[PDB]
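Visitor: Questions regarding the structure given below will be posed in turn.
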Amino acid sequence: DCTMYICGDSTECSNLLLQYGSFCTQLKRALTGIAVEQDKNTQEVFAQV
Amino acid sequence: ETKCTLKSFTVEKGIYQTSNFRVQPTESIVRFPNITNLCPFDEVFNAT
Ligand SMILES: *[C@@H]1O[C@H](CO)[C@@H](O[C@@H]2O[C@H](CO)[C@@H](O)[C@H](O)[C@H]2NC(C)=O)[C@H](O)[C@H]1NC(C)=O
């Protein structure tokens, strides 16, 4: 989670972080692709019958 | 919540994630309850 790691429990970074815009919402899409793809690898090794 | 997280009015079938869960604070607190060692000013200001 981008919010808690960088400026958790903070009401001053909350508005400030939006000044950078679309950084930490880009990172989630990168890692979510890896996690989803991980299950596919196991599918291609055992689900052949 | 997931509509505005994805910045769209439509969502497709699947599992998504949103703003993380957190319990907000309620009250405010302070410290240093015992204070001692007052400076001796009375004899300066009230000597006979
Ligand atoms: C001075 O500091 C001491 C250290 O804790 C205080 O001692 C206790 O304080 C609590 C909460 O204030 C009281 O419930 C206890 O009864 C205190 N102990 C004793 C033996 O009385 C003390 O209260 C402080 N002084 C003042 C004036 O608050």
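In the structure tokens, the first chain shown is A, the next is B, and so on; residue numbers restart at 1 for each chain, and ligands run from 1 in the order shown.
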Tell me, counting only C-alpha atoms and all ligand atoms, for each residue of chain B within 10 Å of ligand 1, which pair of atoms is nearest and how far apart they are in Å to one decimal, in rows ordered by chain and increasing number, as a tab-separated table.
Guide:
```
residue	atom	partner	partner_atom_place_in_ligand_line	distance
B:32	CA	ligand 1	2 (O)	9.0
B:33	CA	ligand 1	28 (O)	6.3
B:34	CA	ligand 1	1 (C)	4.3
B:35	CA	ligand 1	1 (C)	7.1
B:36	CA	ligand 1	1 (C)	8.0
```
Visitor: Once you count only C-alpha atoms, what closest atom pair and distance in Å to one decimal does each residue of chain B within 12 Å of chain A have, with rows by chain and rising residue number, as CSV?
Guide:
```
residue,atom,partner,partner_atom,distance
B:5,CA,A:25,CA,9.1
B:6,CA,A:25,CA,9.4
B:7,CA,A:25,CA,11.1
B:14,CA,A:36,CA,11.6
B:15,CA,A:36,CA,10.7
B:16,CA,A:32,CA,9.7
B:17,CA,A:28,CA,9.3
B:18,CA,A:1,CA,9.6
B:19,CA,A:3,CA,8.3
B:20,CA,A:1,CA,6.9
B:21,CA,A:4,CA,9.8
B:22,CA,A:9,CA,8.6
B:23,CA,A:9,CA,9.4
B:24,CA,A:9,CA,8.2
B:25,CA,A:9,CA,9.0
```
Visitor: Print the selection's residues with N, CA, C and O atoms to a file, as a PDB file, in the first residue's frame.
Guide:
```pdb
ATOM      1  N   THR B   5     -11.731   4.668  -7.378  1.00  0.00           N
ATOM      2  CA  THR B   5     -10.340   4.233  -7.323  1.00  0.00           C
ATOM      3  C   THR B   5      -9.793   3.976  -8.721  1.00  0.00           C
ATOM      4  O   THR B   5      -8.643   4.319  -9.019  1.00  0.00           O
ATOM      5  N   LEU B   6     -10.607   3.387  -9.594  1.00  0.00           N
ATOM      6  CA  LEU B   6     -10.213   3.113 -10.968  1.00  0.00           C
ATOM      7  C   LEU B   6     -10.431   4.297 -11.900  1.00  0.00           C
ATOM      8  O   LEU B   6     -10.068   4.208 -13.078  1.00  0.00           O
ATOM      9  N   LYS B   7     -11.019   5.389 -11.404  1.00  0.00           N
ATOM     10  CA  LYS B   7     -11.296   6.581 -12.207  1.00  0.00           C
ATOM     11  C   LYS B   7     -12.186   6.245 -13.404  1.00  0.00           C
ATOM     12  O   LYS B   7     -11.892   6.597 -14.548  1.00  0.00           O
ATOM     13  N   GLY B  14     -14.328  -9.262 -11.586  1.00  0.00           N
ATOM     14  CA  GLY B  14     -13.015  -9.577 -11.060  1.00  0.00           C
ATOM     15  C   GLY B  14     -12.869  -9.052  -9.645  1.00  0.00           C
ATOM     16  O   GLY B  14     -13.811  -8.547  -9.042  1.00  0.00           O
ATOM     17  N   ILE B  15     -11.651  -9.185  -9.130  1.00  0.00           N
ATOM     18  CA  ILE B  15     -11.299  -8.741  -7.786  1.00  0.00           C
ATOM     19  C   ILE B  15     -10.429  -7.497  -7.897  1.00  0.00           C
ATOM     20  O   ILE B  15      -9.494  -7.448  -8.702  1.00  0.00           O
ATOM     21  N   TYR B  16     -10.748  -6.485  -7.092  1.00  0.00           N
ATOM     22  CA  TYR B  16     -10.038  -5.216  -7.111  1.00  0.00           C
ATOM     23  C   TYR B  16      -9.635  -4.833  -5.694  1.00  0.00           C
ATOM     24  O   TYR B  16     -10.056  -5.450  -4.712  1.00  0.00           O
ATOM     25  N   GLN B  17      -8.807  -3.795  -5.597  1.00  0.00           N
ATOM     26  CA  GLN B  17      -8.364  -3.258  -4.321  1.00  0.00           C
ATOM     27  C   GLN B  17      -8.614  -1.757  -4.293  1.00  0.00           C
ATOM     28  O   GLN B  17      -8.671  -1.095  -5.333  1.00  0.00           O
ATOM     29  N   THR B  18      -8.764  -1.224  -3.084  1.00  0.00           N
ATOM     30  CA  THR B  18      -9.149   0.168  -2.882  1.00  0.00           C
ATOM     31  C   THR B  18      -8.264   0.763  -1.794  1.00  0.00           C
ATOM     32  O   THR B  18      -7.233   0.193  -1.424  1.00  0.00           O
ATOM     33  N   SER B  19      -8.665   1.932  -1.294  1.00  0.00           N
ATOM     34  CA  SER B  19      -7.933   2.582  -0.216  1.00  0.00           C
ATOM     35  C   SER B  19      -7.847   1.661   0.995  1.00  0.00           C
ATOM     36  O   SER B  19      -8.823   1.005   1.370  1.00  0.00           O
ATOM     37  N   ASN B  20      -6.668   1.619   1.606  1.00  0.00           N
ATOM     38  CA  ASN B  20      -6.374   0.637   2.636  1.00  0.00           C
ATOM     39  C   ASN B  20      -7.159   0.962   3.908  1.00  0.00           C
ATOM     40  O   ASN B  20      -7.541   2.107   4.165  1.00  0.00           O
ATOM     41  N   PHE B  21      -7.398  -0.077   4.705  1.00  0.00           N
ATOM     42  CA  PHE B  21      -8.190   0.019   5.925  1.00  0.00           C
ATOM     43  C   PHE B  21      -7.348   0.564   7.072  1.00  0.00           C
ATOM     44  O   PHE B  21      -6.174   0.212   7.219  1.00  0.00           O
ATOM     45  N   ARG B  22      -7.956   1.421   7.891  1.00  0.00           N
ATOM     46  CA  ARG B  22      -7.233   2.044   8.990  1.00  0.00           C
ATOM     47  C   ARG B  22      -8.225   2.569  10.020  1.00  0.00           C
ATOM     48  O   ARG B  22      -9.279   3.100   9.661  1.00  0.00           O
ATOM     49  N   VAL B  23      -7.878   2.415  11.296  1.00  0.00           N
ATOM     50  CA  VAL B  23      -8.676   2.933  12.404  1.00  0.00           C
ATOM     51  C   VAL B  23      -8.128   4.306  12.779  1.00  0.00           C
ATOM     52  O   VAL B  23      -6.948   4.445  13.112  1.00  0.00           O
ATOM     53  N   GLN B  24      -8.987   5.322  12.726  1.00  0.00           N
ATOM     54  CA  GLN B  24      -8.553   6.687  12.975  1.00  0.00           C
ATOM     55  C   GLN B  24      -8.428   6.964  14.474  1.00  0.00           C
ATOM     56  O   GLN B  24      -9.135   6.364  15.288  1.00  0.00           O
ATOM     57  N   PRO B  25      -7.532   7.870  14.863  1.00  0.00           N
ATOM     58  CA  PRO B  25      -7.456   8.285  16.268  1.00  0.00           C
ATOM     59  C   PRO B  25      -8.678   9.095  16.677  1.00  0.00           C
ATOM     60  O   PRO B  25      -9.380   9.677  15.849  1.00  0.00           O
TER      61      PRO B  25
END
```
Visitor: Please identify the alpha helix (DSSP H) residues within chain A (assignment by DSSP from backbone atoms) and present them as a ChimeraX atom specification.
Guide: /A:2-7,13-17,24-46
Visitor: Could you tell me how far atom CA of residue B:27 sits from atom CA of residue A:12, in Å to one decimal place?
Guide: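 So the two atoms, atom CA of residue A:12 and atom CA of residue B:27, lie 17.8 Å apart.
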Visitor: As an exercise, work out the distance from atom CA of residue A:31 to atom CA of residue A:6 in Å and give it to one decimal place.
Guide: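 Computing it gives 16.9 Å between the two atoms.
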Visitor: What is the atom CA of residue A:27 to atom CA of residue A:7 distance in Å?
Guide: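 If I compute the distance from atom CA of residue A:27 to atom CA of residue A:7, I get 15.9 Å.
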